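Chemist: Would you mind keeping the following structure in view while I ask a few things?
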Amino acid sequence: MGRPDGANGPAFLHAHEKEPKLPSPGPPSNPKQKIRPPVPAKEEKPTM
Amino acid sequence: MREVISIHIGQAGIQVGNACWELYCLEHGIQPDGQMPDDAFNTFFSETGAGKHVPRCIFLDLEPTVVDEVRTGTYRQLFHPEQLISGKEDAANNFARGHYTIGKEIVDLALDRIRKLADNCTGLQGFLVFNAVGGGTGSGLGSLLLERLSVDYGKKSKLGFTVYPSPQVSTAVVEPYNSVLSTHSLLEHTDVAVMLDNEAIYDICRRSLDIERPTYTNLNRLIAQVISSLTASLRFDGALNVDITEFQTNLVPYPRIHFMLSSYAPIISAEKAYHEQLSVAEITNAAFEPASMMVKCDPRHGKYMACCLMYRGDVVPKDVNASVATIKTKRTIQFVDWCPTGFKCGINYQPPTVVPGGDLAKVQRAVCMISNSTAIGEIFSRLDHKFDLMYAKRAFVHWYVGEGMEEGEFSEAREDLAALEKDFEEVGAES
Amino acid sequence: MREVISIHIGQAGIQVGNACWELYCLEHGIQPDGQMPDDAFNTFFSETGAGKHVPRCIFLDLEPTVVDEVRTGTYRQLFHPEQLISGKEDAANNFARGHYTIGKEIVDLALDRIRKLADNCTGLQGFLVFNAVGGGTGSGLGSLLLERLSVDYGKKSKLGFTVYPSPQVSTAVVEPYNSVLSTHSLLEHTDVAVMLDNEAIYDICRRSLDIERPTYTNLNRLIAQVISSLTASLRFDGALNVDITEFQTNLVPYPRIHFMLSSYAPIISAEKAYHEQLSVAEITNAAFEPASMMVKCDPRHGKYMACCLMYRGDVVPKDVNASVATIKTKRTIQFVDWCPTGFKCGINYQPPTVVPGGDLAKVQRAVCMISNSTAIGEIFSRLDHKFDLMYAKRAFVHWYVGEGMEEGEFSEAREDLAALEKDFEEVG
Amino acid sequence: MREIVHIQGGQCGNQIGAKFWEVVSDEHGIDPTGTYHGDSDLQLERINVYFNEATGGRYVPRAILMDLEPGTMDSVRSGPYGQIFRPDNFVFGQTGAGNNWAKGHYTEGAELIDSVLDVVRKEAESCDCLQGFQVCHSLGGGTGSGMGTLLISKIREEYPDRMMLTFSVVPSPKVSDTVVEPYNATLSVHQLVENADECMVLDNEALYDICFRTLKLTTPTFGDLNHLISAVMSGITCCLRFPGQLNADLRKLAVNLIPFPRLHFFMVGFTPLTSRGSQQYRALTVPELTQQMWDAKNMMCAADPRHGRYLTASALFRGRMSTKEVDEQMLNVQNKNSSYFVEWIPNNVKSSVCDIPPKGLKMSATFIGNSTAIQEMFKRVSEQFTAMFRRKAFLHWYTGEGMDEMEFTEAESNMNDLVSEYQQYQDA
Amino acid sequence: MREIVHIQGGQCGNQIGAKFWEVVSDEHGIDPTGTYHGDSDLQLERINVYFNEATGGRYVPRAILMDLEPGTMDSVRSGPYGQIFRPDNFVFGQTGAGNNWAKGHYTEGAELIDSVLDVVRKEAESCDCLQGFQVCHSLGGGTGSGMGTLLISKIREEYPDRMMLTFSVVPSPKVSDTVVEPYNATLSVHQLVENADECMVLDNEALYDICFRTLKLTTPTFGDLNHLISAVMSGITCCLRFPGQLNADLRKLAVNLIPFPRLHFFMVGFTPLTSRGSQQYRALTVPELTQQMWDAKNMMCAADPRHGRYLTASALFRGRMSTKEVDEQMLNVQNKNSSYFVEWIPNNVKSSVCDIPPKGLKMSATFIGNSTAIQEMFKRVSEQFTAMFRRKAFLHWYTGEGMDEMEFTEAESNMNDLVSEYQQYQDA
Ligand SMILES: Nc1nc2c(ncn2[C@@H]2O[C@H](COP(=O)(O)OP(=O)(O)OP(=O)(O)O)[C@@H](O)[C@H]2O)c(=O)[nH]1
Ligand SMILES: Nc1nc2c(ncn2[C@@H]2O[C@H](COP(=O)(O)OP(=O)(O)OP(=O)(O)O)[C@@H](O)[C@H]2O)c(=O)[nH]1
Ligand SMILES: Nc1nc2c(ncn2[C@@H]2O[C@H](COP(=O)(O)OP(=O)(O)O)[C@@H](O)[C@H]2O)c(=O)[nH]1
Ligand SMILES: Nc1nc2c(ncn2[C@@H]2O[C@H](COP(=O)(O)OP(=O)(O)O)[C@@H](O)[C@H]2O)c(=O)[nH]1
Ligand SMILES: [Mg+2]
Ligand SMILES: [Mg+2]
């Protein structure tokens, strides 16, 4: 259902009424928790 | 018994699915009407109570315009109509829409198919994923879907055959972004990741097949010839049988490094096959040839950490070990110090099959090579460059953040590439 | 000897009576004119002195506008003209009228039928109450009728197949109220009460049947497929013949909890059978699927206290015990700890019959599951919200109070629901 | 069973009734001679809701034509369908009412009730089961309003169980059909608030837009508007006359509609209404009927529903259709534009269906709305009344019949409360 | 699925809206009767993006013709393809517009918005899943520029998620079809900076030369220029209506085109374009189409690419072709003349393709490019505006409609803030 009559009247349009705003560069909520372990550091030398 | 579940995501996912599934219906004499005139197919199909063999795959997408073609083409009586999952609207080449807006309401419909598809196989070898990194459906949903597959199944083997953004040839402008975001979701969730670019397979169509009019219907016909050569040991008897578990075991040195290239050989027209002999030693030399790689990377800039080999046709092991012995002496080909070994070779008595109206030649010998090399750190750096080139201006960002995202997702997925870069030089320690 | 009495109350009561009795006439070769060209029919019929096989049921209502359709339909030579009971004025979707004003003046008639409907009965299994909660006739007459049945027989078992008001679909506004009033009267009087919602059965007709213009005549062609599967053991040979008392013992742990769910499988179009095998393994995974429920409840938010599975067709017990065993291991399905068991299984060798013009497919394996779960508190708490949302203003009360009712009957029937939802939490 | 007796008061009533009995007669396939000439057995089974058998196969209506100045009766007594009425049901007075509510209710009307009541009872007792009364008024003039209400107060006490309807035509906002219209309006309203179960309101204004906008007519004559009103009065009793998979008696239509005993003013519409050119483009599907009936244009009263909230609503679909599409559509609207529907009523629509559409169609509907914008008819009337009762204009005609003046103010307090009842329940 | 809805507001809109629906109607093989007469099933597959199935198998458009002074509508009501429109989808007012932005936006506009919105929603629900809107303008006039943006300001608030394209015709650089072209331009552009997702800009000047130089036409009637505008507007939805080896929906075209929410002013072209003679000389290969499409003539707007830097670009090819060719071609272009493109975008083109060419051709293309030379038009017009607004010429006409002067400066500054956006990203 529409709007009642006489209420679709034109309104004033300011400058930059519809302009997106970058929130900020910020650390996200969840890093998603990598499951795979890192590569060893090429100096473990377990062999004896 | 030896059964796998094939998935297709996005457009390229199903546009290769129309090639692979045109190949198998042909490789087992399966008429387009399901039926035909055991275990030779039971890897990919399932008899019903009435004659037919239905494939155990899933075509998933957010565009009806590509799924309905399957519903109208000659291959419409094949698929259970429920497996061909579609969507009202598409992702519109945006990683957010494929990950936060649309993807969230259809996965449950997809998973209920996978579950209904898991029970019908007694022994599951592993999932096969045909992804298309660079769009919204391929990257956004492939991200979201691969995660849910890890929670429900865990350590089950998920391969990845994901077409990657090419350096020069690029049919998009935002495909840098939705590629980067995809990496973490594939890295931590896919078991093995084969890669291939739309450009690298263009030149192979240029020199070898000599078809100056190549389209996507040609490239998809190549990937079919790869997987058929890869899963032959799953459904065709042959010496040195090699399964998926045996495949990733002696090919992936670390949990991180699971990216690798592919090479098929021979690739010859129906007439030069008469100017030729195609010996097993010649083919395997053209397999290690850089020009026969399916990725625009250079193997002579890095080192081979492992190689796999699926031969096919009239081949005997005495000839495999002989030609491989030559390459080990070749100096052009390097090998990282800590693999004196480096080849897991497979044989299959069943030669590859040719599609009527296809462009390859009927040959009784073929080779499909897959190598985990450290040179692949190149194609992985161009993305690092272009992403930062645009992200330093916040261009195209208002789309991503405007669809249920924030800015942190960029830096995480950005660093996940940075860390992954050094690993591709860490493993090249040489000490 | 293995016989039941099938009661239909309200409109939806007789709306399903036309689907059920179009099944048994077809499942036993009974022509619409009574006769056919033992104990295969003695569960539902009564051979007279010569040839004729009249059914043993009763169509009860207040508007003639529907019971007369049966009098003019093709099934008019079938029924004893006294079974098709009807009235002059209707309940008008008002629980009071169906209970206090109009109910009291025809029950004395209906009851005489039952007495004359039970004398020929030699061994009576139990009554069978097809009811539609949400209307004056369904809720009022049904409530008043059940109490009369308890004080007459008591030892006989009453099974309540009551359509329940759905969350979204609602063909009325005051249907919250009379749905509440029904509980205080059904609970103490029914032995076991199955539930099903007109909304859940709609989506079943969307995914599975792929029928885009569903209608009440479609859904009723599904309910009849339940009772046919439920009472197959009463009239058809089969391994593990399951009577009613057996079915009732191992499903109702406490005298309160007798509100259970239903399912059916396979439900498929007559063409997708060409794309499937429908093994015993495959079906029983679909019976426990949440989308295959006939009620808009989610069993994944609760726990199972028992299940009962009535298979049909080419099914052997070696595969039943196997498919049940791979379900106790599944993580999604949670069984309350005090029942490590929980399955009474029933097999029949008589596959489900198909009616000409129906939507289902001729199959050789079919499953009907009936589970007693503690997730049933969901659909029962929604009512506790809409009733408490409208009753805050005493809306529509002046209709109920004007028909020989009072204000206590609202708060009384309200506590009984709270008294019930605790019982669905003490079992945690 | 379930008979209905019908009253036509005043000039307007004796003229809407002309088309009503013409429409219903054709629908039941009876000739202006009164002989049934239909085809199906579906016309005969519920014919006795409006007519009576007579020697020779005639079917005479159960109407009562009452009027002062029988001049307008001589028109219908001469028209094409004027040969069907019983002549003893014509009750009339030799004098005039003069558009004066007083003498139409006090002096002259009081001289006919002694005879009118012998008429109404003579055909109220022939009904083996009376369902209710229904009248057709005109709240502008004297005969329709005055005698109409006086007839009601006699009816309300003699038959309080049964239910009286009212298709009262109310004044028009922008033009005045008479000059003393506001006096006759309120003095009649003060009778309807207390002595009416349900009461629809219509306006000749809104009846012009539907012919000027929707029907795109050229010369809309009262002979056409009455073909509109007769389409809703026929649309109400379909469930009484024709079977359907969800019937709706006349009584269950109020209990689902009127929350509080004083808000019994409604707002009607009809669907489908297309031009003779557009019937080539627009299709006939339940999504079409459902949007045109819900729109703020087919409301046959001159009160925009988008200025208030819908308390409840209704819909009487006709034609073999899918009972699911109906239920999901009427649901889809409520939660779609959720700012026009109250919150303390979760689902506030009832939905009926009929196996039998109109005589020349395949799908049709009929709408009944109980909106809190109906108060706007009362404000606009409450002011025009207080602008002239303030100066005691035109009153020597009303007091000349012995009337008091507190009967004018009591008519205003009763109204100016009814305008507030429609505002507590409208929390905007 | 992916339904569109088309708006035609103004004299230009109502006229190019004729040729547009003339082309698409042929493309899907339907006759002006409204019946389908094509050959393939492929025509009927995605016809529902622009039409509505009717009774008897007709297909009527889903356009909306809105314009004051219905004169120009009486023409298209009488053209050859004037039988396809629903007569209800005609909105007209009995008053002229005066080539004045004010009354088309404040006085006369506000009297028809009640109807137009009641019209758009009648079909915005006929879509199972609405894709987005699509309009046609004439920025100089008063109807297309006043009612056009006024409707948009309404469209953006009830359907913000969806997309709205705009084929606005901008004022000419050298000739001025109206003396008050500036005021109607800026006051409209200010509306398009806030309430538009995409906005092509087409100029009547460039349309002449293309019809003079390339097409060698002698007498280019407006019927010929709109055979051009129709060609490109049809060229956008080929991925929606027809298959393609690389489809490209409407949404993925903007995301891939506008880096910032304000720079949505594009530049279009169409290929191939040859005289009747030269058809026999030049081949039809992908390198041909891309040679003419990148040229500085086919730009339907009067903005020179060789002055600014292409932020992004596009191309929609149609025909069974080789998708390698298109990719290497568009790469070479950026490679050779690598100064016309910005550097913080590696590859700044998209390239669709479709299996289906136009009905008469075998290979075609279509171009859309978002350059930085578009800032020139807003510079040429922002000078003419501030020229006459500085002395207040013709302002007593605008201020007479309740306008102000802040509604002017706001419009100008919001345009000057846009011309700087197109300068930063021009690093020469
Ligand atoms: N090898 C091959 N690549 C393809 C094919 N079709 C598309 N691609 C590539 O896929 C990438 C774009 O991903 P798409 O699948 O087309 O789109 P999407 O990932 O589904 O995301 P949406 O467009 O929002 O649905 C591009 O690089 C294409 O070149 C094909 O048939 N074969
Ligand atoms: N599954 C199914 N439900 C139905 C059917 N007919 C009605 N219902 C539902 O039953 C409820 C109303 O019950 P009714 O039997 O029509 O009303 P009642 O019990 O006879 O009481 P009164 O209307 O006053 O006579 C509604 O919610 C319907 O949705 C049917 O044919 N099949
Ligand atoms: N729909 C319709 N309304 C009418 C018609 N004639 C009169 N009305 C209304 O009836 C009102 C006057 O009441 P009226 O019946 O003439 O006086 P009464 O004889 O005392 O009831 C006026 O508002 C008329 O508009 C008609 O023919 N059709
Ligand atoms: N392509 C094309 N443009 C036109 C045509 N007719 C008018 N235009 C443009 O329409 C502009 C004037 O706006 P117009 O729509 O005619 O008046 P309005 O009703 O006040 O908007 C002028 O710049 C004309 O050039 C036509 O037939 N074809
Ligand atoms: Mg895509
Ligand atoms: Mg009922």
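Residue numbers (the authors' numbering), protein chains in the order written: chain A, 49 to 96; chain L, 1 to 37, 46 to 439; chain D, 1 to 37, 46 to 436; chain R, 1 to 428; chain K, 1 to 428. We treat Cβ as the ideally placed atom computed from N, Cα and C, and that holds for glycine.
Could you tell me the distance, in whole angstroms, from the CA atom of residue 37(R) to the CA atom of residue 57(R)?
Modeler: Residue numbering aside, residue 37(R) sits at position 37 when the fourth sequence is read from its first letter. Residue numbering aside, residue 57(R) sits at position 57 when the fourth sequence is read from its first letter. So the alpha carbons of these two residues sit roughly 10 Å apart.
Chemist: Chain K beta carbons: is any one of them nearer than 9 Å to that of residue 358(L)?
Modeler: Translated into the one-based positions of the second sequence, residue 358(L) becomes position 350. Answer no: the Cβ-Cβ gap between residue 358(L) and chain K never drops below 9 Å.
Chemist: According to DSSP, residue 368(R) sits in a beta bridge with which residue or residues?
Modeler: Stepping through the fourth sequence from its first residue, residue 368(R) is reached at position 368. Residue 368(R) pairs with 268(R), 314(R).
Chemist: Within 8 Å: the Cβ of residue 142(R) and any heavy atom of ligand 3?
Modeler: On the fourth sequence, position 142 is the one that residue 142(R) refers to. Result yes, Cβ under 8 Å from ligand 3.
Chemist: DSSP beta-bridge partners for residue 274(D)?
Modeler: Against the third sequence, residue 274(D) aligns to sequence position 266. Bridge partners of residue 274(D): none, in fact.
Chemist: Please work out which residues of its chain come closer than 6 Å, Cβ to Cβ, to residue 403(K), disregarding the five sequence neighbours upstream and downstream, and give them in chain order.
Modeler: Along the fifth sequence, read from residue 1 onward, the residue named residue 403(K) stands at position 403. Within the same chain, residue 403(K) has close Cβ partners 102.
Chemist: From residue 59(K) to residue 34(K), what distance separates their C-alpha atoms?
Modeler: In the fifth sequence, the residue the question calls residue 59(K) occupies position 59. In the fifth sequence, the residue the question calls residue 34(K) occupies position 34. Straight-line Cα distance between these residues: approximately 5 Å.
Chemist: Does ligand 4 have even one heavy atom less than 8 Å from the beta-carbon of residue 210(K)?
Modeler: In the fifth sequence, the residue the question calls residue 210(K) occupies position 210. No, the beta carbon of residue 210(K) sits no closer than 8 Å to any heavy atom of ligand 4.
Chemist: Which bits of chain D does residue 58(L) rub up against, with CB to CB less than 8 Å?
Modeler: Within the second sequence, residue 58(L) is the residue found at index 50, counting from 1. Per Cβ cutoff of 8 Å: 281, 282.
Chemist: On the DSSP letters alone, give me the boundaries of the alpha helix (DSSP H) that residue 223(R) sits inside.
Modeler: Here the question's residue 223(R) lines up with position 223 in the fourth sequence. Where residue 223(R) is concerned, the enclosing alpha helix (DSSP H) stretches over 222 to 236.
Chemist: What are the boundary residues of the beta strand (DSSP E) that includes residue 114(D)?
Modeler: The count along the third sequence starts at 1 and reaches residue 114(D) at position 106. It is not in any beta strand (DSSP E) - residue 114(D) carries neither H nor E in the DSSP assignment.
Chemist: So for residue 75(K), helix, strand or coil by DSSP?
Modeler: Residue 75(K) sits at position 75 when you count from the first residue of the fifth sequence. Reduced to three states, the DSSP call for residue 75(K) is helix.
Chemist: At a CB-CB cut-off below 7 Å, which residues of chain A make contact with residue 263(L)?
Modeler: Walking along the second sequence from the start, residue 263(L) turns up at place 255. Going along chain A in sequence order, the residues near residue 263(L) (Cβ under 7 Å) are 84, 85.
Chemist: Using a Cβ cut-off of 9 Å (strictly closer), state whether residue 90(A) contacts chain K.
Modeler: Within the first sequence, residue 90(A) is the residue found at index 42, counting from 1. Output row for residue 90(A): interface = no.
Chemist: Pull up the CB-CB distance for residue 284(K) and residue 362(K), whole angstroms please, since I reckon it's below 8 Å.
Modeler: Position 284 of the fifth sequence, counted from the first residue, corresponds to residue 284(K). Position 362 of the fifth sequence, counted from the first residue, corresponds to residue 362(K). About 6 Å separates the two Cβ atoms, so the contact holds.
Chemist: Using a beta-carbon distance cut-off of less than 8 Å, what residues from the region 379 to 398 of chain L approach chain K?
Modeler: Flagged, chain order: 394, 397, 398.
Chemist: Could you check whether the region 235 to 250 of chain R touches the region 37 to 50 of chain R, counting it as contact only if at least three pairs of C-beta atoms, one from each stretch, sit closer than 8 Å?
Modeler: A contact exists between the region 235 to 250 of chain R and the region 37 to 50 of chain R.
Chemist: What whole-angstrom Cβ distance do residue 128(A) and residue 150(K) have, given they're in contact under 8 Å?
Modeler: This structure cannot speak to residue 128(A), because chain A is shown only from 49 to 96.
Chemist: Taking the continuous beta strand (DSSP E) assigned at residue 373(D), which residues delimit it?
Modeler: Here residue 373(D) refers to the residue found at position 365 when the third sequence is read from its first residue. First-last of the beta strand (DSSP E) with residue 373(D): 373 to 381.
Chemist: Out of curiosity, what's the CA-to-CA distance linking residue 59(L) and residue 80(L)?
Modeler: Translated into the one-based positions of the second sequence, residue 59(L) becomes position 51. Translated into the one-based positions of the second sequence, residue 80(L) becomes position 72. Cα to Cα, the separation comes out at about 22 Å.
Chemist: For residue 252(D), which residues from the same chain have a beta carbon less than 7 Å from its beta carbon, with the 5 sequence-adjacent residues on both sides left out?
Modeler: For the purposes of this step, residue 252(D) is identified with residue 244 of the third sequence, where counting begins at 1. The answer, listed in chain order, is 133, 134, 165.
Chemist: Are any of the Cβ atoms in chain R nearer than 9 Å to that of residue 154(K)?
Modeler: Here the question's residue 154(K) lines up with position 154 in the fifth sequence. Chain R, which has no Cβ nearer than 9 Å to the Cβ of residue 154(K), makes this no.
Chemist: Can you tell me whether residue 61(K) is helix, strand or coil according to DSSP?
Modeler: In the fifth sequence, the residue the question calls residue 61(K) occupies position 61. Strand, per DSSP.
Chemist: Per the contact definition of three or more C-beta pairs closer than 8 Å, is the region 379 to 388 of chain L in contact with the region 50 to 67 of chain L?
Modeler: With a cut-off of 8 Å, the region 379 to 388 of chain L and the region 50 to 67 of chain L do not count as touching, because too few Cβ pairs lie within range.
Chemist: Residue 131(R) lies in the beta strand (DSSP E); which residues open and close that run?
Modeler: Position 131 of the fourth sequence, counted from the start, is the residue given in the question as residue 131(R). Note, residue 131(R): beta strand (DSSP E), 130 to 135.
Chemist: Compare the C-alpha of residue 203(L) against each of 318(L), 141(L), 297(L), 280(L) and name the closest.
Modeler: Taking the first residue of the second sequence as position 1, residue 203(L) is located at position 195. Comparing Cα positions, the closest option is 141(L).
Chemist: For the region 344 to 410 of chain L, list the alpha helix (DSSP H) runs that are entirely contained and at least 4 residues long, ordered along the chain.
Modeler: Runs of the alpha helix (DSSP H) inside the region 344 to 410 of chain L: 387 to 399, 405 to 409.
Chemist: In whole angstroms, what is the alpha-carbon distance linking residue 312(L) and residue 107(L)?
Modeler: Numbered from 1 along the second sequence, position 304 holds the residue referred to as residue 312(L). Numbered from 1 along the second sequence, position 99 holds the residue referred to as residue 107(L). Each residue's alpha carbon lies about 35 Å from the other.
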